[PDB]
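Heads up: the structure comes next, in structure tokens.
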Protein chains: 2
Amino acid sequence: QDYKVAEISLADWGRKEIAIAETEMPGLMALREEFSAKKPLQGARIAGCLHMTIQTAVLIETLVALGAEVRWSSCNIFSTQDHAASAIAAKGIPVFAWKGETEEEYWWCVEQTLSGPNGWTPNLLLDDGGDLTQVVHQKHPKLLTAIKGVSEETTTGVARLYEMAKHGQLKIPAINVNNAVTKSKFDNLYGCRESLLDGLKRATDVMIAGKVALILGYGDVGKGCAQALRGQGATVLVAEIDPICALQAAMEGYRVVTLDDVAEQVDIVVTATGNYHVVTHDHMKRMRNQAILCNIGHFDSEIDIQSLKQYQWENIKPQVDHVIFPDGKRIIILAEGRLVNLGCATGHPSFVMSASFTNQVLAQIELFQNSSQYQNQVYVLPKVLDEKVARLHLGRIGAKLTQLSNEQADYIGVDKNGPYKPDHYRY
Amino acid sequence: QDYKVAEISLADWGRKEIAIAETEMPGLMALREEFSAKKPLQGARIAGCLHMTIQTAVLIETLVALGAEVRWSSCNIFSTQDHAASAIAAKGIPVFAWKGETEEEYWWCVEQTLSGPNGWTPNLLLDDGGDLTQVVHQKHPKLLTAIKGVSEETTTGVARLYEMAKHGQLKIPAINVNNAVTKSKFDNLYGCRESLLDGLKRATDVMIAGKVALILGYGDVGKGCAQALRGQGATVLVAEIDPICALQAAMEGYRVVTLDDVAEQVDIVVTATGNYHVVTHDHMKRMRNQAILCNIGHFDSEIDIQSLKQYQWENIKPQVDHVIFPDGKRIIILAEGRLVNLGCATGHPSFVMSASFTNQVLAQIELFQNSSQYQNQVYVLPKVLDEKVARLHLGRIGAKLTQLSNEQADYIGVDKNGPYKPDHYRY
Ligand SMILES: NC(=O)c1ccc[n+]([C@@H]2O[C@H](COP(=O)([O-])OP(=O)(O)OC[C@H]3O[C@@H](n4cnc5c(N)ncnc54)[C@H](O)[C@@H]3O)[C@@H](O)[C@H]2O)c1
Ligand SMILES: NC(=O)c1ccc[n+]([C@@H]2O[C@H](COP(=O)([O-])OP(=O)(O)OC[C@H]3O[C@@H](n4cnc5c(N)ncnc54)[C@H](O)[C@@H]3O)[C@@H](O)[C@H]2O)c1
């Protein structure tokens with residue numbers, strides 16, 4: 001068995017939910033219809049490290065339908081949906097992922113995607129968070145020469161690529177999929193606007209209405225989280241280090257505050273910073289009894305979980321834990337500080353993951369075909385492809401585009417078929 | 001009298017409202033405090049073409065306090081606040097602006113800023129919409145050699161600059177002030193979110209709640225307009241030519257439709273496209289009795305007002321008119337299709353105009369000092385100045401910034417004092 005999953009017999013349940021998700025993912029299904037005959041990824045050998053969800057299974061099978069061979073692992077120890085991994089494993093696709101991995105099992109799973117039977121080695125990386133990129137660069141540099149490039153899913157992974165490039169550590173071309181508009185401004189924002197609530201509500205019977213909720217970070221994710229909780233009747237506080245993002249939050253009616261000031265006043269804390277130890281031991285000590293603490297940023301290091309090692313952890317149910325302080329006060333921590341929407345729920349819904357993953361497929365096609373035209377730097381896909389991604393998703397939600405006349409295209413200086421905005425337009 | 005205004009005796013009223021606006025405009029007052037002693041604009045001779053409002057008077061006096069000599073005109077025939085122009089005129093600053101100019105008077109006013117007593121000629125342009133830039137390039141090309149550059153306020157003006165550059169018509173450096181983040185994402189969005197309602201409510205006793213309102217265009221302005229009307233209980237429809245902006249509107253719960261389809265179904269139509277003849281005669285013929293039609297984009301050419309020339313126009317009150325169709329049906333048109341928030345009300349509130357105009361002052365300083373380092377192209381101010389603008393406005397609305405620790409700055413790859421985002425971050 002060239003796979004490792006929890007229970008293979010969950011495959012039929014996974015297939016059923018995959019069939020449903022396909023009908024919510026028109027971008028991926030359109031790429032199959034456009035490309036599955038020509039097979040533009042025949043000869044592609046993709047090592048993938050990205051949350052093994054039902055939506056990711058549709059990504060995997062789209063890559064396969066386009067001719068790729070892949071080997072897959074998840075980029076988080078709690079984010080796998082076992083029945084999704086099983087459905088993929090049942091198709092014969094090598095996948096190494098289950099919900100609740102140890103850290104040792106996590107890195108073993110990543111390692112399994114770098115080599116397969118018969119001397120299989122990847123010529124492409126598909127990464128979400130930079131761990132697979134890290135492993136190849138730091139531990140298998142012999143693989144780097146045959147890797148055409150990496151396409152990277154998330155903000156934290158791109159930050160790691162930027163730092164590698166700055167220091168001359170990046171040795172392959174990189175496509176920043178996060179900063180496709182149809183990713184960052186949809187997945188990160190609208191996806192989290194729904195899936196933060198999913199994780200919070202599955203984990204606890206805590207009411208949102210009337211609570212004081214603090215969001216750390218007001219980037220694309222924090223913007224969605226703030227919208228989510230405000231709609232449900234919470235008083236929403238925001239912390240920011242960036243004065244432009246702080247001003248945006250203030251102009252939406254949020255008080256912009258520091259956790260140092262407000263730790264005693266909050267019922268719910270959501271870290272969305274992409275940063276390190278924004279919630280410290282003293283904050284958690286100061287938090288009220290039964291306060292809820294979770295992280296929706298990529299790595300659990302947003303919270304200094306290590307400071308809680310000596311307290312009793314009393315498990316409530318899977319991925320919901322009480323940490324009991326010596327004075328008897330308790331806090332509720334979700335998923336041990338790992339990504340809450342994927343640890344305590346099922347991640348983003350299918351429709352918005354389709355926009356992200358259509359971008360992923362196009363990046364893989366571009367790297368596989370034209371990696372020779374790229375240097376060892378970070379790039380984004382051109383705006384014409386970004387607009388194509390949006391176009392492919394309009395029909396599902398019944399949106400009808402107006403067509404420019406010739407004089408209207410000339411008036412604003414665009415082609416009738418786009419692209420419709422200057423390169424640095426921010427939407 | 002080196003000025004032309006409506007009634008100079010309104011100056012004391014203008015001074016009173018200017019004093020109030022100063023307390024809402026901390027960015028401009030901070031630049032006075034930082035720079036009024038060193039006078040970085042001593043020797044600057046600015047021709048300005050920008051809505052002569054109370055907020056613009058604070059801009060003008062900030063430039064003057066920094067050492068500039070200016071001559072001012074408005075960029076719209078209805079947008080001047082007569083008492084603001086009078087307060088400026090009373091200070092001895094040459095200004096040529098009144099509410100309700102004819103088109104001949106409008107262009108005469110622009111012409112007055114290009115020459116003053118004693119052979120005064122500008123060495124800097126400050127433009128909002130591109131009309132002043134057009135006049136200098138097309139009718140006074142002798143002035144171009146001594147003009148250090150132009151800073152441009154709005155989306156439509158930047159579009160005109162881009163087209164000039166593409167064809168080799170741009171003969172001075174240009175600073176795109178619109179695409180400072182602290183302008184486009186604040187002024188265009190939050191400003192219009194308030195000032196569309198201002199104009200609509202001052203013009204008519206029309207209730208928003210229960211109405212079907214159509215916004216043409218879902219860029220920064222249309223986004224604010226949609227938010228405004230939705231908060232007040234209207235069913236909000238959106239039209240778009242750009243599939244990314246259409247998808248954004250759909251993901252906020254707006255039906256994305258064409259005016260060709262829905263003309264008979266709408267109570268209110270707001271053009272926010274920056275484009276040409278998006279509302280045609282047939283649309284207006286099809287609109288219901290007492291339907292309200294207005295434009296919040298820069299030029300009245302969004303609506304083919306010319307098609308209504310032969311119908312009776314029955315004035316309701318200043319800038320509110322009935323157009324009576326031969327079948328007896330009437331539509332209400334605001335400000336003859338000119339900018340509704342400035343024609344039927346007073347434009348954006350002071351706080352957000354401060355962020356825009358602080359950017360304007362910094363662009364003028366940069367052009368005056370360093371125009372030699374620029375070619376005849378369009379540029380934006382660097383992100384460090386954009387962040388400074390936001391920083392200067394945080395105190396007024398009580399927002400408290402978190403400070404990065406050293407390890408946190410290193411973790412995300414930024415300096416503790418910024419800039420905090422990559423150059424192409426979209427906020
Ligand atoms: N859970 C999900 O489904 C999901 C989806 C996309 C991204 N992410 C992850 O979420 C994180 C945020 O993503 P994003 O796209 O919003 O990034 P972003 O850079 O757009 O937003 C992060 C924000 O955090 C702020 N910040 C940084 N340090 C801070 C501190 N100490 N205190 C307060 N604010 C601070 C920054 O100023 C910035 O505005 C990343 O780790 C990203 O990989 C998660
Ligand atoms: N009233 C104000 O206070 C104010 C403030 C800022 C800008 N403006 C003006 O408003 C206009 C829009 O500014 P913006 O910053 O939102 O620009 P933008 O480019 O961000 O938004 C314009 C949008 O209109 C869409 N569009 C173009 N042609 C269309 C058509 N035929 N049908 C439907 N949609 C169409 C474009 O796709 C785009 O998304 C410009 O003229 C700008 O100068 C007015």
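Going by the structure tokens order, chains are called A, B, ..., each with residues numbered from 1, while ligands are numbered from 1 in the order shown.
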Contacts from chain B to chain A, 6 Å maximum, only C-alpha atoms: show me the residue list as number ranges by chain. B: 240-241, 243-244, 256-258, 276, 387, 390-391, 399-403, 408, 426
Suppose we keep N, CA, C and O atoms; can you now write the selection as an mmCIF file, in the first residue's frame?
```cif
data_model
loop_
_atom_site.group_PDB
_atom_site.id
_atom_site.type_symbol
_atom_site.label_atom_id
_atom_site.label_comp_id
_atom_site.auth_asym_id
_atom_site.auth_seq_id
_atom_site.Cartn_x
_atom_site.Cartn_y
_atom_site.Cartn_z
ATOM 1 N N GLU B 240 -21.488 45.211 -13.260
ATOM 2 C CA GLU B 240 -20.037 45.266 -13.394
ATOM 3 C C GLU B 240 -19.633 44.693 -14.749
ATOM 4 O O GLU B 240 -20.284 43.781 -15.273
ATOM 5 N N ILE B 241 -18.542 45.233 -15.302
ATOM 6 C CA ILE B 241 -17.875 44.642 -16.469
ATOM 7 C C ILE B 241 -16.675 43.785 -16.073
ATOM 8 O O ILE B 241 -16.170 43.018 -16.909
ATOM 9 N N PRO B 243 -14.928 40.844 -14.017
ATOM 10 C CA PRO B 243 -15.436 39.640 -13.347
ATOM 11 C C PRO B 243 -14.939 39.490 -11.922
ATOM 12 O O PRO B 243 -15.612 38.828 -11.122
ATOM 13 N N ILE B 244 -13.783 40.067 -11.579
ATOM 14 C CA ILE B 244 -13.320 40.001 -10.189
ATOM 15 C C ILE B 244 -14.191 40.879 -9.299
ATOM 16 O O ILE B 244 -14.642 40.449 -8.230
ATOM 17 N N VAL B 256 -25.829 40.469 -9.192
ATOM 18 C CA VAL B 256 -25.073 41.167 -10.225
ATOM 19 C C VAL B 256 -25.848 41.037 -11.521
ATOM 20 O O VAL B 256 -26.044 39.926 -12.024
ATOM 21 N N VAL B 257 -26.278 42.176 -12.065
ATOM 22 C CA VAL B 257 -27.287 42.253 -13.117
ATOM 23 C C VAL B 257 -26.844 43.325 -14.105
ATOM 24 O O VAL B 257 -25.923 44.094 -13.831
ATOM 25 N N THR B 258 -27.513 43.387 -15.259
ATOM 26 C CA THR B 258 -27.275 44.438 -16.244
ATOM 27 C C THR B 258 -28.412 45.452 -16.196
ATOM 28 O O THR B 258 -29.573 45.085 -15.999
ATOM 29 N N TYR B 276 -18.463 55.865 -19.797
ATOM 30 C CA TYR B 276 -19.150 56.760 -20.720
ATOM 31 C C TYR B 276 -20.499 56.168 -21.109
ATOM 32 O O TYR B 276 -20.556 55.051 -21.632
ATOM 33 N N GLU B 387 1.910 54.880 5.184
ATOM 34 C CA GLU B 387 1.751 54.495 6.587
ATOM 35 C C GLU B 387 1.781 55.714 7.505
ATOM 36 O O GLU B 387 1.046 55.771 8.501
ATOM 37 N N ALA B 390 -1.697 57.251 7.602
ATOM 38 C CA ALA B 390 -2.588 56.513 8.496
ATOM 39 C C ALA B 390 -2.243 56.788 9.952
ATOM 40 O O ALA B 390 -3.128 57.059 10.773
ATOM 41 N N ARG B 391 -0.949 56.713 10.287
ATOM 42 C CA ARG B 391 -0.500 56.983 11.649
ATOM 43 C C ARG B 391 -1.015 58.324 12.148
ATOM 44 O O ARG B 391 -1.473 58.440 13.292
ATOM 45 N N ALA B 399 -7.574 54.955 18.117
ATOM 46 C CA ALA B 399 -7.038 53.633 17.808
ATOM 47 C C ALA B 399 -5.617 53.522 18.355
ATOM 48 O O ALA B 399 -4.812 54.442 18.181
ATOM 49 N N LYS B 400 -5.320 52.415 19.045
ATOM 50 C CA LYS B 400 -4.033 52.218 19.718
ATOM 51 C C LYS B 400 -3.262 51.106 19.023
ATOM 52 O O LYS B 400 -3.707 49.953 19.004
ATOM 53 N N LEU B 401 -2.108 51.455 18.465
ATOM 54 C CA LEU B 401 -1.294 50.500 17.720
ATOM 55 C C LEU B 401 -0.489 49.598 18.653
ATOM 56 O O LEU B 401 0.102 50.061 19.634
ATOM 57 N N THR B 402 -0.455 48.308 18.330
ATOM 58 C CA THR B 402 0.461 47.364 18.965
ATOM 59 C C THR B 402 1.868 47.553 18.394
ATOM 60 O O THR B 402 2.029 47.849 17.207
ATOM 61 N N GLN B 403 2.895 47.419 19.243
ATOM 62 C CA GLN B 403 4.280 47.544 18.793
ATOM 63 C C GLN B 403 4.898 46.160 18.634
ATOM 64 O O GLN B 403 4.815 45.328 19.548
ATOM 65 N N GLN B 408 9.259 39.483 16.688
ATOM 66 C CA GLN B 408 8.069 39.538 15.843
ATOM 67 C C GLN B 408 8.342 40.258 14.529
ATOM 68 O O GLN B 408 7.825 39.855 13.482
ATOM 69 N N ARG B 426 -2.601 44.426 -1.029
ATOM 70 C CA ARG B 426 -3.824 45.075 -1.482
ATOM 71 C C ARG B 426 -4.714 45.592 -0.357
ATOM 72 O O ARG B 426 -5.668 46.324 -0.642
#
```
For residue 142 in chain B, list every protein, DNA or RNA residue within 12 Å, evaluated using only C-alpha atoms, and leave out those in the same chain fewer than 6 positions away; present the list as a ChimeraX atom specification. /B:114,121-123,135-136,171
What does the file look like for those residues with N, CA and C atoms, as a compact mmCIF listing (two decimals), in the first residue's frame?
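Okay, out-v7.txt is ready:
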```txt
# COMPACT_ATOMS: atom_id res chain seq x y z
N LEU B 114 -3.51 79.81 -14.16
CA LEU B 114 -2.28 79.64 -14.92
C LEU B 114 -1.45 80.92 -15.02
N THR B 121 3.49 82.50 -12.82
CA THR B 121 3.12 81.26 -13.50
C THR B 121 3.39 80.09 -12.57
N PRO B 122 2.59 79.03 -12.66
CA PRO B 122 2.80 77.88 -11.76
C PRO B 122 4.07 77.11 -12.10
N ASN B 123 4.65 76.48 -11.08
CA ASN B 123 5.67 75.47 -11.31
C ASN B 123 5.22 74.10 -10.82
N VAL B 135 -5.71 71.20 -19.87
CA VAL B 135 -5.59 72.59 -20.32
C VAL B 135 -4.12 72.96 -20.53
N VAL B 136 -3.25 72.61 -19.59
CA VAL B 136 -1.85 72.99 -19.72
C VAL B 136 -1.21 72.29 -20.91
N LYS B 171 3.96 65.12 -20.53
CA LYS B 171 5.21 65.87 -20.65
C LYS B 171 5.73 66.36 -19.30
```
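CA of residue 225 in chain A lies 15.7 Å from atom 28 (N, counted along the ligand's line) of ligand 1.
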Find the residues around range 35-38 of chain B up to 9 Å (only C-alpha atoms counted), leave out those fewer than 6 positions away in its own chain, and share them as number ranges by chain. B: 62, 64-67
How would the residues just chosen look if you wrote them out with N, CA, C and O atoms as a PDB file, in the first residue's frame?
```
ATOM      1  N   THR B  62      -2.987  74.821   4.377  1.00  0.00           N
ATOM      2  CA  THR B  62      -1.827  74.012   4.749  1.00  0.00           C
ATOM      3  C   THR B  62      -0.685  74.226   3.765  1.00  0.00           C
ATOM      4  O   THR B  62       0.474  74.395   4.165  1.00  0.00           O
ATOM      5  N   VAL B  64      -0.236  76.866   1.979  1.00  0.00           N
ATOM      6  CA  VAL B  64       0.242  78.230   2.193  1.00  0.00           C
ATOM      7  C   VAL B  64       1.108  78.306   3.442  1.00  0.00           C
ATOM      8  O   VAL B  64       2.185  78.920   3.432  1.00  0.00           O
ATOM      9  N   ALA B  65       0.663  77.676   4.535  1.00  0.00           N
ATOM     10  CA  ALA B  65       1.453  77.662   5.764  1.00  0.00           C
ATOM     11  C   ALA B  65       2.812  77.010   5.555  1.00  0.00           C
ATOM     12  O   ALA B  65       3.761  77.307   6.291  1.00  0.00           O
ATOM     13  N   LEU B  66       2.930  76.128   4.564  1.00  0.00           N
ATOM     14  CA  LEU B  66       4.203  75.503   4.229  1.00  0.00           C
ATOM     15  C   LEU B  66       5.031  76.325   3.247  1.00  0.00           C
ATOM     16  O   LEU B  66       6.086  75.849   2.808  1.00  0.00           O
ATOM     17  N   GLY B  67       4.578  77.526   2.881  1.00  0.00           N
ATOM     18  CA  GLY B  67       5.345  78.428   2.039  1.00  0.00           C
ATOM     19  C   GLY B  67       4.874  78.563   0.602  1.00  0.00           C
ATOM     20  O   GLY B  67       5.440  79.379  -0.137  1.00  0.00           O
TER      21      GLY B  67
END
```
What's the 10 Å shell around residue 351 in chain A, counting only C-alpha atoms, without same-chain residues fewer than 2 positions away, as a PyMOL selection string? chain A and resi 21-27+55+186-187+191+348-349+353-356+393+396-397
Residues from last step as file, C-alpha atoms, as a CSV table (one decimal), in the first residue's frame:
```csv
chain,number,residue,atom,x,y,z
A,21,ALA,CA,-18.2,19.5,-3.7
A,22,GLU,CA,-17.6,19.2,-7.5
A,23,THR,CA,-20.9,20.9,-8.1
A,24,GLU,CA,-19.7,23.8,-5.9
A,25,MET,CA,-16.3,24.1,-7.6
A,26,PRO,CA,-16.9,25.2,-11.2
A,27,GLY,CA,-13.4,26.6,-11.6
A,55,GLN,CA,-12.0,20.2,-1.4
A,186,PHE,CA,-11.9,35.5,-1.4
A,187,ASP,CA,-10.5,32.5,0.3
A,191,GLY,CA,-13.7,31.8,3.5
A,348,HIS,CA,-13.4,26.7,4.0
A,349,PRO,CA,-16.5,25.7,1.9
A,353,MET,CA,-11.7,26.8,-2.2
A,354,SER,CA,-12.4,26.3,-5.9
A,355,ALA,CA,-11.2,29.8,-6.7
A,356,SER,CA,-8.0,29.2,-4.7
A,393,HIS,CA,-17.1,31.2,-10.9
A,396,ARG,CA,-22.6,29.3,-10.2
A,397,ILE,CA,-23.8,32.2,-8.2
```
Going by DSSP on the backbone, which residues of range 145-364 of chain B come out as alpha helix (DSSP H)? List them as a PyMOL selection string. chain B and resi 155-166+181-183+192-203+220-231+243-251+259-262+281-286+340-343+350-364
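Comparing the minimum interatomic distances between residue 7 in chain A and each of A:338, A:51, A:71, A:83, counting only C-alpha atoms, we find that A:83 sits nearest.
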Can you pull out every residue within 8 Å of residue 180 in chain A, counting only C-alpha atoms, but drop anything in the same chain fewer than 3 positions away, and send it as a VMD selection string? chain A and resid 176 to 177 183 to 184 359 380 to 381 386
Keeping C-alpha atoms for every residue in the selection just given, could you write it to a file as a short mmCIF file (atom, residue, chain, number, x, y, z; two decimals), in the first residue's frame?
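Output saved as part-v7.cif:
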```
data_model
loop_
_atom_site.label_atom_id
_atom_site.label_comp_id
_atom_site.auth_asym_id
_atom_site.auth_seq_id
_atom_site.Cartn_x
_atom_site.Cartn_y
_atom_site.Cartn_z
CA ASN A 176 2.73 33.18 -5.09
CA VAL A 177 -0.79 31.82 -5.40
CA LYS A 183 -7.42 33.88 -3.67
CA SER A 184 -6.41 36.46 -1.04
CA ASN A 359 -5.25 29.31 -9.27
CA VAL A 380 2.45 36.01 -9.36
CA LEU A 381 0.20 34.85 -12.18
CA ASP A 386 -6.87 36.04 -12.26
#
```
